[PDB]
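This report concerns only the one structure given below.
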Ligand code: NA
Ligand code: NA
Ligand code: NA
Ligand code: NA
């Protein structure tokens, strides 16, 4: 699959309980945003 997101770490927390490295990773995955920042 095309690699479309950068590795710039500005993490967000998906509703799936996984930390995504930045919003592009989250959005490309189709996962809803829980909150900004790392999941905890
Ligand atoms: Na493929
Ligand atoms: Na990179
Ligand atoms: Na999960
Ligand atoms: Na939330």
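Test of understanding: ordering 26, 40, 33 by Cβ neighbours within 10 Å, fewest first, what list do you get?
Working: 26 23, 40 7, 33 13.
Result, fewest neighbours first: 40, 33, 26.
From Cα coordinates alone, what are the radius of gyration and Dmax values for the chain in angstrom?
9.3, 29
Please arrange 9, 25 by how many other C-beta atoms lie within 10 Å of their C-beta, fewest to most.
Final ranking by Cβ density, sparse to dense: 9, 25.
Would you mind computing, in nm to one decimal, how far apart the modelled labels at residue 5 and residue 27 are, each placed 7 Å from Cα along Cα→Cβ?
With each label placed 7 Å out from Cα toward Cβ, I get 1.1 nm.
Laboratory data are not the source of any read-out in this text; all were calculated from the coordinates shown. Here Cβ is always computed from backbone atoms with ideal geometry, including for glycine, and neighbour counts include all displayed protein chains.
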